[PDB]
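Here's the letter readout for the chains.
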Amino acid sequence: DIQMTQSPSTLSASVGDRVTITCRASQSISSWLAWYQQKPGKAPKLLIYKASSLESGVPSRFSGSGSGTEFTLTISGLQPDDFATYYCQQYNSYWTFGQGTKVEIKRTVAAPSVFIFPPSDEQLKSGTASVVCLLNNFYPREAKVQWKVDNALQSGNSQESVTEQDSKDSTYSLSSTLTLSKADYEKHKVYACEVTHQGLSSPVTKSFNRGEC
Amino acid sequence: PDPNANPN
Amino acid sequence: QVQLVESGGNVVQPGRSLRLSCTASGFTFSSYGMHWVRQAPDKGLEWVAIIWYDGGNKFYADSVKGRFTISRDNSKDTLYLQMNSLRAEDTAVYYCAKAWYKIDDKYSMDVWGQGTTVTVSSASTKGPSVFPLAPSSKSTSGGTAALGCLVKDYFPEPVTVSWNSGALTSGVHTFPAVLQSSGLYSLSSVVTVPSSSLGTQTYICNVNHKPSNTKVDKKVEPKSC
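Residues numbered from 1 in each chain as written, not as in the entry; some residues may be left out. Chains lettered and ligands numbered in written order. Heavy atoms only, no water. Residues with missing side-chain atoms left out of burial classes, pairs and counts.

Per the deposited record, X-ray crystallography is how this structure was determined, to a resolution of 2.25 Å.

**Some details on the sheet that holds strand β3 (residues 18-25) of chain A**
Residues and elements named next belong to chain A. Taken in spatial order, the 4 strands of this open sheet run β1-β3-β8-β7, and their pairing is antiparallel. Unpaired on one side and paired on the other, β1 (4-7) and β7 (62-67) mark the two borders of the sheet. Averaged over all pairs of adjacent strands, the angle between strand axes in this sheet comes to 20°, irrespective of strand direction. Pairing of β3 with strand β8 (residues 70-76) involves 7 bridges; the strand directions are antiparallel. Among the inter-strand pairings, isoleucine 21 is bridged to a residue of β8, identified as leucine 73. (Pairing = 2+ DSSP bridges. Helix = DSSP H or I, 4+ residues; strand = E, 2+ residues; numbered from the N terminus. Axes fitted to C-alpha atoms, helices over the stretch in contact; angles between N-to-C directions.)

**Some thoughts on the packing of aromatic side chains**
The description of an aromatic ring pair rests on the distance of the ring centres and on the angle between the ring planes. The full count for this structure, using the stated rule, is 18 aromatic pairs over all chains. With a centroid separation of 6.4 Å and an interplanar angle of 75°, the aromatic rings of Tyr94(A) and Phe59(C) are classed as edge-to-face. Pair noted here: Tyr94(A) is in the loop between β9 (85-90) and β10 (96-97) and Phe59(C) is in strand β6 (residues 58-60), and the two residues belong to different chains. Take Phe59(C): its relative accessible area is 16%, and that puts it in the buried class. Among the aromatic side chains, those forming a connected cluster through ring pairs are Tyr94(A), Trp95(A), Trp47(C), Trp52(C) and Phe59(C). Sitting above the plane of the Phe29(C) ring, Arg72(C) keeps its charged end 4.3 Å from the centroid. Sitting over the ring of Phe27(C), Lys98(C) keeps its end group 6.0 Å from the ring centre. (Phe/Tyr/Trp six-rings, centres within 6.5 Å; stacked < 30°, edge-to-face > 60°. Buried < 20%, exposed > 50% of the residue type's maximum accessible area, 1.4 Å probe, protein only. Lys NZ or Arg CZ within 6 Å of the ring centre and 35° of its normal.)

**A look at the domain arrangement of chain C**
Each domain of chain C was delimited in the assignment, giving domain 1 (3-120) and domain 2 (129-219). Using only C-alpha atoms to locate each centre, domain 1 of chain C and domain 2 of chain C end up separated by 37 Å. (Domains from an automatic or database assignment.)

**A few points about the pairing of β1(A)**
Note on strand geometry: in a regular strand, side chains alternate between the two faces of the sheet. Residues and elements named next belong to chain A. The alternating pattern of β1 places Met4 and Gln6 on a buried face, while none of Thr5 and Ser7, on the opposite face, is buried. Alignment of β1 against β3, held across 4 bridges, turns out to be antiparallel. Within the sheet, the bridge partner assigned to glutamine 6 lies in β3 and is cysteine 23.

**Describing the domain arrangement of chain A**
All names here are of chain A. You can read the domains of chain A as domain 1 (4-105) and domain 2 (113-209). A C-alpha centroid distance of 36 Å is found between domain 1 and domain 2. Contact residues are listed per partner, giving 4 residues for domain 1 and 6 residues for domain 2. For the pair domain 1 and domain 2, the summed buried area comes to about 460 Å², and 27% of that belongs to carbon and sulfur atoms. In terms of surface lost to domain 2, no three residues of domain 1 exceed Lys102, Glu104 and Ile105, which account for 85% of the buried area on that side. Where domain 1 meets domain 2, there are 1 salt bridge. Joining domain 1 to domain 2, the criterion identifies 5 residue pairs in polar contact. (Contact = heavy atoms within 4.5 Å. Buried area = accessible area lost by both parts, 1.4 Å probe. Salt bridge = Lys/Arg side-chain N within 4 Å of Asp/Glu carboxyl O. Polar contact = N/O pair within 3.5 Å; in protein donor to acceptor, adjacent residues only side chain to side chain.)

Here is the structure:
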(Lines give C-alpha, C1' and ligand atoms only; values in the text may rest on other atoms or scores of the structure.)
Protein backbone atom coordinates (compact mmCIF):
# COMPACT_ATOMS: atom_id res chain seq x y z
CA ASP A 1 0.00 0.00 0.00
CA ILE A 2 1.14 3.52 -0.82
CA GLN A 3 1.20 5.57 2.38
CA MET A 4 0.23 9.26 2.23
CA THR A 5 1.45 11.69 4.89
CA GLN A 6 0.73 15.41 5.05
CA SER A 7 2.68 18.22 6.69
CA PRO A 8 1.81 20.01 8.81
CA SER A 9 -1.18 18.51 10.61
CA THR A 10 -2.41 21.94 11.77
CA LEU A 11 -1.69 25.19 9.91
CA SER A 12 -2.40 28.52 11.62
CA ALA A 13 -3.02 31.40 9.23
CA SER A 14 -4.80 34.72 8.72
CA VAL A 15 -7.05 36.01 5.96
CA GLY A 16 -4.86 37.17 3.08
CA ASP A 17 -1.91 34.90 3.85
CA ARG A 18 -0.29 32.65 1.25
CA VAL A 19 -0.03 29.16 2.78
CA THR A 20 1.27 25.80 1.57
CA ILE A 21 0.39 22.23 2.56
CA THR A 22 2.79 19.37 1.80
CA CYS A 23 1.89 15.79 0.84
CA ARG A 24 4.35 12.89 0.55
CA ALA A 25 3.90 9.35 -0.78
CA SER A 26 5.72 6.19 0.32
CA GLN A 27 6.53 5.44 -3.33
CA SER A 28 6.15 7.19 -6.66
CA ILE A 29 2.57 7.81 -7.76
CA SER A 30 3.63 9.90 -10.80
CA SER A 31 1.17 12.86 -10.96
CA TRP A 32 -1.91 10.85 -9.89
CA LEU A 33 -2.71 13.01 -6.87
CA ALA A 34 -5.99 14.67 -5.89
CA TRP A 35 -6.75 17.24 -3.19
CA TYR A 36 -10.07 17.50 -1.34
CA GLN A 37 -11.47 19.96 1.20
CA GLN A 38 -13.73 18.88 4.08
CA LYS A 39 -15.55 21.08 6.58
CA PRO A 40 -16.83 19.65 9.89
CA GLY A 41 -19.99 17.60 9.46
CA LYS A 42 -19.82 17.93 5.67
CA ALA A 43 -18.59 15.90 2.70
CA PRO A 44 -15.20 16.14 0.98
CA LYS A 45 -15.08 18.31 -2.12
CA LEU A 46 -12.69 17.86 -5.03
CA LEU A 47 -10.29 20.76 -5.58
CA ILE A 48 -7.34 19.60 -7.71
CA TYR A 49 -6.70 16.56 -9.91
CA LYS A 50 -3.56 15.31 -11.68
CA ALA A 51 -1.57 17.26 -9.06
CA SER A 52 -1.92 20.58 -10.89
CA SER A 53 -5.31 20.66 -12.67
CA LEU A 54 -7.95 22.87 -11.06
CA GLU A 55 -11.46 21.45 -10.80
CA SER A 56 -14.15 23.51 -12.53
CA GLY A 57 -15.80 25.88 -10.06
CA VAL A 58 -12.80 26.02 -7.70
CA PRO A 59 -11.34 29.54 -7.32
CA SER A 60 -7.95 30.19 -8.90
CA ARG A 61 -6.28 30.94 -5.54
CA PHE A 62 -5.85 27.16 -5.17
CA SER A 63 -2.82 25.95 -7.13
CA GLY A 64 -0.94 22.67 -7.12
CA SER A 65 2.55 21.44 -7.95
CA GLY A 66 4.54 18.24 -7.55
CA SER A 67 5.29 14.82 -9.04
CA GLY A 68 6.56 11.43 -7.95
CA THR A 69 6.69 11.29 -4.16
CA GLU A 70 6.34 14.94 -3.07
CA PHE A 71 3.38 17.27 -3.70
CA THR A 72 2.16 20.68 -2.50
CA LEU A 73 -1.15 22.56 -2.24
CA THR A 74 -0.86 26.36 -2.11
CA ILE A 75 -3.69 28.79 -1.29
CA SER A 76 -2.82 32.34 -2.36
CA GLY A 77 -4.78 34.89 -0.35
CA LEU A 78 -6.72 32.92 2.26
CA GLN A 79 -10.43 33.68 2.45
CA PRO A 80 -12.75 32.93 5.41
CA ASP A 81 -14.35 30.12 3.41
CA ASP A 82 -10.92 28.42 3.14
CA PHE A 83 -10.58 27.50 6.83
CA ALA A 84 -11.08 23.72 6.74
CA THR A 85 -9.22 20.41 6.63
CA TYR A 86 -7.50 19.43 3.36
CA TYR A 87 -6.67 15.84 2.33
CA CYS A 88 -4.42 14.53 -0.43
CA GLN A 89 -5.23 11.25 -2.16
CA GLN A 90 -3.26 9.03 -4.54
CA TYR A 91 -5.17 7.05 -7.18
CA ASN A 92 -2.20 5.29 -8.78
CA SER A 93 -2.78 1.99 -6.93
CA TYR A 94 -6.25 1.72 -5.36
CA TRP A 95 -7.15 4.80 -3.26
CA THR A 96 -5.38 5.97 -0.08
CA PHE A 97 -5.68 9.30 1.74
CA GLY A 98 -3.49 11.49 3.89
CA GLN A 99 -4.26 12.03 7.56
CA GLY A 100 -5.51 15.55 6.84
CA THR A 101 -4.28 19.10 7.39
CA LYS A 102 -6.50 21.47 9.36
CA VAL A 103 -6.17 25.17 8.55
CA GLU A 104 -7.16 27.16 11.64
CA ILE A 105 -7.52 30.84 12.45
CA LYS A 106 -4.37 32.34 13.95
CA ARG A 107 -4.77 34.62 16.98
CA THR A 108 -2.67 35.87 19.88
CA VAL A 109 -1.52 33.36 22.49
CA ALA A 110 -4.02 33.07 25.35
CA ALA A 111 -3.16 31.09 28.47
CA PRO A 112 -5.84 28.71 29.78
CA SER A 113 -7.91 29.36 32.87
CA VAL A 114 -7.55 26.21 34.98
CA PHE A 115 -10.48 25.10 37.15
CA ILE A 116 -10.85 21.82 39.07
CA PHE A 117 -14.06 20.05 40.11
CA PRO A 118 -14.06 17.28 42.76
CA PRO A 119 -16.58 14.45 42.36
CA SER A 120 -20.12 15.13 43.49
CA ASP A 121 -21.65 13.46 46.51
CA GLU A 122 -24.33 12.02 44.21
CA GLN A 123 -21.78 10.19 42.05
CA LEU A 124 -19.87 8.88 45.08
CA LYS A 125 -23.04 7.11 46.26
CA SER A 126 -22.96 5.29 42.89
CA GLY A 127 -19.45 3.96 43.63
CA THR A 128 -17.36 6.03 41.19
CA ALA A 129 -15.48 9.33 41.51
CA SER A 130 -14.73 11.64 38.57
CA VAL A 131 -12.38 14.61 38.94
CA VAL A 132 -12.59 17.20 36.16
CA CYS A 133 -9.82 19.62 35.23
CA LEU A 134 -10.98 22.38 32.87
CA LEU A 135 -8.71 24.42 30.59
CA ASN A 136 -10.83 27.28 29.23
CA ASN A 137 -10.36 29.63 26.25
CA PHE A 138 -6.70 29.04 25.38
CA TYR A 139 -4.68 29.41 22.15
CA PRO A 140 -2.78 27.63 20.64
CA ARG A 141 -4.32 24.18 21.12
CA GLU A 142 -1.13 22.41 22.28
CA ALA A 143 -1.34 21.76 26.02
CA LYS A 144 -0.07 19.10 28.41
CA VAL A 145 -2.28 17.87 31.24
CA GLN A 146 -0.96 15.52 33.94
CA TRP A 147 -2.72 14.19 37.04
CA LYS A 148 -0.87 13.74 40.35
CA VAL A 149 -2.54 12.03 43.32
CA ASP A 150 -0.58 12.55 46.56
CA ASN A 151 2.38 13.49 44.29
CA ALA A 152 2.06 10.17 42.39
CA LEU A 153 1.71 10.59 38.62
CA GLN A 154 -1.36 8.89 37.15
CA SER A 155 -1.38 6.81 33.96
CA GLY A 156 -4.22 5.07 32.13
CA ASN A 157 -7.11 6.47 34.21
CA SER A 158 -7.84 9.78 32.45
CA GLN A 159 -9.48 10.87 29.19
CA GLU A 160 -9.20 14.24 27.43
CA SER A 161 -11.64 16.09 25.19
CA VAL A 162 -11.10 19.30 23.23
CA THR A 163 -13.60 21.60 21.56
CA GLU A 164 -13.22 22.91 18.05
CA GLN A 165 -12.09 26.50 17.64
CA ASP A 166 -14.63 29.01 18.92
CA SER A 167 -16.31 31.05 16.20
CA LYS A 168 -16.06 34.36 18.14
CA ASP A 169 -12.71 34.35 20.02
CA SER A 170 -10.91 31.54 18.11
CA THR A 171 -9.99 29.71 21.32
CA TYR A 172 -10.04 26.08 22.38
CA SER A 173 -11.26 24.50 25.61
CA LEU A 174 -10.13 21.17 27.00
CA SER A 175 -11.36 18.80 29.70
CA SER A 176 -9.40 16.10 31.52
CA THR A 177 -11.40 13.60 33.58
CA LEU A 178 -9.67 11.38 36.15
CA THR A 179 -11.86 8.36 36.90
CA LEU A 180 -11.44 6.29 40.06
CA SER A 181 -13.48 3.88 42.12
CA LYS A 182 -15.08 5.28 45.27
CA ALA A 183 -12.78 3.22 47.50
CA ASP A 184 -9.59 4.24 45.66
CA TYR A 185 -10.66 7.89 45.70
CA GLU A 186 -11.17 7.82 49.48
CA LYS A 187 -7.66 6.64 50.38
CA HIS A 188 -5.91 9.73 48.97
CA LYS A 189 -5.90 13.40 50.00
CA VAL A 190 -4.35 15.74 47.41
CA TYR A 191 -5.80 15.60 43.90
CA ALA A 192 -4.00 17.87 41.44
CA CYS A 193 -3.81 18.55 37.71
CA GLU A 194 -0.66 20.09 36.20
CA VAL A 195 -1.02 22.19 33.05
CA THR A 196 1.70 23.09 30.54
CA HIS A 197 0.80 25.64 27.88
CA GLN A 198 2.74 28.17 25.82
CA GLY A 199 0.89 31.05 27.50
CA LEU A 200 2.18 29.95 30.92
CA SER A 201 5.69 30.87 32.05
CA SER A 202 5.90 27.57 33.95
CA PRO A 203 3.66 24.56 34.65
CA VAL A 204 0.58 25.53 36.67
CA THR A 205 -0.97 23.31 39.35
CA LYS A 206 -4.64 23.27 40.39
CA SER A 207 -5.32 21.07 43.42
CA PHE A 208 -7.86 20.29 46.14
CA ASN A 209 -7.97 18.27 49.35
CA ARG A 210 -10.58 15.50 49.44
CA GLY A 211 -13.54 16.22 51.70
CA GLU A 212 -12.71 19.84 52.52
CA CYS A 213 -15.17 21.38 50.06
CA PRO B 1 -7.49 -6.05 -14.15
CA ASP B 2 -6.58 -2.49 -13.09
CA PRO B 3 -8.88 -1.13 -10.33
CA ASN B 4 -7.91 2.47 -11.22
CA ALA B 5 -8.89 1.98 -14.89
CA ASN B 6 -11.99 3.54 -16.43
CA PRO B 7 -14.99 2.20 -14.47
CA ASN B 8 -17.58 4.08 -16.56
CA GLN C 1 -26.95 18.60 -10.11
CA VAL C 2 -25.30 15.38 -8.91
CA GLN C 3 -26.91 14.20 -5.67
CA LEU C 4 -26.01 11.15 -3.58
CA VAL C 5 -28.12 10.28 -0.53
CA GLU C 6 -26.92 7.56 1.82
CA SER C 7 -29.24 5.68 4.17
CA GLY C 8 -29.32 2.61 6.38
CA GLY C 9 -26.83 3.56 9.09
CA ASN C 10 -27.84 2.25 12.50
CA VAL C 11 -26.56 0.74 15.76
CA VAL C 12 -25.71 -2.94 15.24
CA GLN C 13 -24.32 -5.66 17.51
CA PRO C 14 -20.97 -7.26 16.59
CA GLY C 15 -21.24 -10.17 14.17
CA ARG C 16 -24.55 -9.04 12.65
CA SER C 17 -25.33 -7.57 9.23
CA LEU C 18 -26.35 -4.15 7.93
CA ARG C 19 -27.25 -2.94 4.42
CA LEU C 20 -26.49 0.62 3.28
CA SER C 21 -28.03 2.36 0.27
CA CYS C 22 -26.94 5.30 -1.88
CA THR C 23 -29.73 6.78 -3.98
CA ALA C 24 -28.47 8.77 -6.96
CA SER C 25 -30.09 11.60 -8.89
CA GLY C 26 -28.95 14.28 -11.31
CA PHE C 27 -26.70 12.11 -13.48
CA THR C 28 -26.88 8.97 -15.61
CA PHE C 29 -26.14 6.50 -12.82
CA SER C 30 -25.87 3.50 -15.17
CA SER C 31 -22.77 4.96 -16.86
CA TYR C 32 -20.56 5.57 -13.82
CA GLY C 33 -18.63 3.46 -11.38
CA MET C 34 -19.32 4.09 -7.70
CA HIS C 35 -17.21 4.03 -4.53
CA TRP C 36 -17.84 3.48 -0.84
CA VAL C 37 -15.52 5.43 1.49
CA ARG C 38 -15.65 5.48 5.30
CA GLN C 39 -14.41 8.03 7.83
CA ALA C 40 -13.62 7.80 11.56
CA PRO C 41 -10.97 9.29 13.89
CA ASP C 42 -9.12 5.96 14.24
CA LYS C 43 -9.21 5.41 10.45
CA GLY C 44 -9.09 8.84 8.77
CA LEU C 45 -10.46 8.66 5.23
CA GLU C 46 -10.43 4.99 4.19
CA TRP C 47 -11.48 3.65 0.80
CA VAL C 48 -13.83 0.66 1.13
CA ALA C 49 -14.89 -0.61 -2.31
CA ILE C 50 -15.54 0.26 -5.95
CA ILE C 51 -18.01 -1.22 -8.45
CA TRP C 52 -17.93 -0.83 -12.23
CA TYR C 53 -20.77 0.84 -14.12
CA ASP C 54 -22.41 -2.48 -15.03
CA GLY C 55 -21.96 -4.21 -11.66
CA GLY C 56 -19.37 -6.79 -12.73
CA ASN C 57 -15.88 -5.63 -11.73
CA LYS C 58 -15.63 -5.12 -7.97
CA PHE C 59 -12.58 -4.46 -5.79
CA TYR C 60 -12.43 -4.30 -1.99
CA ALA C 61 -10.07 -3.11 0.70
CA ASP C 62 -8.31 -5.83 2.68
CA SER C 63 -9.92 -4.56 5.90
CA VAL C 64 -13.37 -5.61 4.59
CA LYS C 65 -12.60 -8.34 2.04
CA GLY C 66 -14.69 -11.44 2.68
CA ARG C 67 -17.23 -9.58 4.85
CA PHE C 68 -18.56 -6.66 2.76
CA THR C 69 -20.26 -6.97 -0.64
CA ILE C 70 -20.82 -4.03 -3.00
CA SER C 71 -23.70 -4.15 -5.49
CA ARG C 72 -25.96 -1.85 -7.49
CA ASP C 73 -29.40 -1.74 -9.12
CA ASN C 74 -29.26 0.48 -12.20
CA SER C 75 -33.04 0.28 -12.68
CA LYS C 76 -33.38 2.02 -9.30
CA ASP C 77 -30.26 4.24 -9.58
CA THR C 78 -29.30 2.86 -6.16
CA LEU C 79 -25.92 1.66 -4.86
CA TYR C 80 -25.71 -0.86 -2.02
CA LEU C 81 -23.17 -2.01 0.55
CA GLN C 82 -23.97 -5.28 2.34
CA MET C 83 -21.94 -5.45 5.56
CA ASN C 84 -21.66 -8.88 7.21
CA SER C 85 -19.84 -9.98 10.38
CA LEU C 86 -19.51 -6.37 11.50
CA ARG C 87 -16.74 -5.45 13.95
CA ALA C 88 -16.29 -2.57 16.38
CA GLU C 89 -13.54 -1.19 14.12
CA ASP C 90 -16.15 -0.86 11.34
CA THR C 91 -17.75 2.02 13.26
CA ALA C 92 -17.54 5.06 10.98
CA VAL C 93 -19.39 7.48 8.73
CA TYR C 94 -19.95 5.78 5.37
CA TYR C 95 -19.87 7.93 2.23
CA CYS C 96 -20.79 7.00 -1.33
CA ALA C 97 -18.85 8.68 -4.12
CA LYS C 98 -19.19 8.85 -7.89
CA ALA C 99 -16.26 8.05 -10.16
CA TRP C 100 -15.34 11.15 -12.10
CA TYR C 101 -15.71 11.84 -15.84
CA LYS C 102 -12.08 12.79 -16.38
CA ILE C 103 -10.53 10.78 -19.22
CA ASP C 104 -6.96 9.67 -18.40
CA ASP C 105 -5.03 6.50 -17.56
CA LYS C 106 -6.03 6.64 -13.87
CA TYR C 107 -9.43 7.46 -12.33
CA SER C 108 -10.78 8.59 -8.96
CA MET C 109 -13.96 10.07 -7.44
CA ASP C 110 -15.41 13.59 -7.69
CA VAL C 111 -18.82 13.94 -5.96
CA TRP C 112 -19.56 12.59 -2.46
CA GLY C 113 -22.82 12.11 -0.59
CA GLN C 114 -23.64 13.32 2.92
CA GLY C 115 -22.88 10.02 4.65
CA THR C 116 -24.69 7.62 6.97
CA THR C 117 -23.37 6.65 10.42
CA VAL C 118 -22.71 3.03 11.44
CA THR C 119 -22.04 2.21 15.12
CA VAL C 120 -21.04 -1.37 16.03
CA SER C 121 -21.16 -2.19 19.74
CA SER C 122 -22.48 -4.86 22.09
CA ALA C 123 -23.69 -2.20 24.54
CA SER C 124 -27.35 -1.84 25.44
CA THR C 125 -29.23 1.44 25.16
CA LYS C 126 -28.86 3.41 28.40
CA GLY C 127 -29.89 6.90 29.44
CA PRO C 128 -27.23 9.13 30.97
CA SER C 129 -26.48 9.87 34.60
CA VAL C 130 -26.14 13.61 35.24
CA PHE C 131 -23.90 14.79 38.07
CA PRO C 132 -23.23 18.43 38.99
CA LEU C 133 -19.87 20.14 38.55
CA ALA C 134 -20.45 22.66 41.32
CA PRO C 135 -18.80 26.12 41.28
CA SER C 136 -16.27 26.72 44.05
CA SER C 137 -13.22 28.77 45.00
CA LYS C 138 -11.25 26.27 42.90
CA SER C 139 -13.29 27.12 39.75
CA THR C 140 -12.97 30.92 39.76
CA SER C 141 -10.76 33.51 38.04
CA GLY C 142 -11.27 37.28 37.91
CA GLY C 143 -14.85 37.38 39.13
CA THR C 144 -15.86 34.60 36.74
CA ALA C 145 -16.97 31.18 37.94
CA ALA C 146 -17.00 27.89 36.08
CA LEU C 147 -19.69 25.27 36.60
CA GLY C 148 -20.95 22.34 34.61
CA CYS C 149 -22.64 18.97 34.40
CA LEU C 150 -21.12 15.51 33.96
CA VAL C 151 -23.18 13.36 31.57
CA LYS C 152 -21.91 9.83 32.08
CA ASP C 153 -22.61 6.26 30.93
CA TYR C 154 -25.05 6.71 28.05
CA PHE C 155 -25.42 4.66 24.85
CA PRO C 156 -25.55 5.43 22.02
CA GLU C 157 -24.80 8.90 20.70
CA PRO C 158 -25.97 11.64 20.69
CA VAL C 159 -26.99 13.75 23.68
CA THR C 160 -27.95 17.41 23.63
CA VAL C 161 -27.19 19.71 26.55
CA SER C 162 -28.60 23.17 27.23
CA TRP C 163 -28.42 25.46 30.25
CA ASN C 164 -31.50 27.02 31.88
CA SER C 165 -33.64 25.64 29.02
CA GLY C 166 -31.67 27.64 26.45
CA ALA C 167 -31.73 31.03 28.21
CA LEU C 168 -27.98 30.73 28.91
CA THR C 169 -25.89 30.16 25.79
CA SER C 170 -22.90 32.49 26.00
CA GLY C 171 -19.76 30.97 27.48
CA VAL C 172 -21.09 27.40 27.13
CA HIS C 173 -18.69 24.62 26.11
CA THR C 174 -20.20 21.16 25.51
CA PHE C 175 -17.27 18.81 24.89
CA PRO C 176 -17.33 15.94 22.38
CA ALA C 177 -18.15 12.58 23.93
CA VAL C 178 -15.48 10.03 24.80
CA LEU C 179 -16.03 6.28 24.59
CA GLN C 180 -15.19 4.59 27.90
CA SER C 181 -13.72 1.11 28.25
CA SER C 182 -17.15 -0.07 29.41
CA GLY C 183 -18.47 0.80 25.94
CA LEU C 184 -20.54 3.70 27.30
CA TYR C 185 -20.06 7.34 26.31
CA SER C 186 -19.51 10.26 28.67
CA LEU C 187 -19.17 14.02 28.31
CA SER C 188 -19.34 17.22 30.33
CA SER C 189 -20.83 20.63 29.51
CA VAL C 190 -19.42 23.74 31.21
CA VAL C 191 -20.24 27.46 31.30
CA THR C 192 -18.54 30.52 32.82
CA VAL C 193 -20.76 32.95 34.76
CA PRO C 194 -20.05 35.93 37.04
CA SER C 195 -19.15 34.90 40.58
CA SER C 196 -21.50 37.64 41.82
CA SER C 197 -24.48 35.84 40.24
CA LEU C 198 -23.95 32.54 42.06
CA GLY C 199 -26.28 33.56 44.90
CA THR C 200 -28.84 35.34 42.72
CA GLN C 201 -29.11 33.22 39.52
CA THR C 202 -30.21 29.58 39.42
CA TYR C 203 -28.31 27.37 36.96
CA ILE C 204 -29.75 24.14 35.53
CA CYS C 205 -28.42 21.90 32.77
CA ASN C 206 -30.92 20.23 30.43
CA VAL C 207 -29.81 16.87 28.99
CA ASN C 208 -31.89 15.01 26.40
CA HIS C 209 -31.09 11.48 25.20
CA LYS C 210 -33.59 10.66 22.46
CA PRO C 211 -32.45 7.03 21.87
CA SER C 212 -33.52 6.27 25.46
CA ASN C 213 -36.32 8.89 25.51
CA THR C 214 -34.55 10.39 28.53
CA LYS C 215 -34.78 14.06 29.50
CA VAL C 216 -32.96 15.17 32.67
CA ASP C 217 -32.84 18.56 34.40
CA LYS C 218 -30.08 19.04 36.99
CA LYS C 219 -29.72 22.12 39.19
CA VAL C 220 -26.07 22.85 40.00
CA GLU C 221 -25.82 24.17 43.50
CA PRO C 222 -23.04 26.61 44.39
CA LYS C 223 -20.64 25.64 47.16
CA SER C 224 -19.79 27.99 50.06
CA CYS C 225 -16.04 27.12 49.91
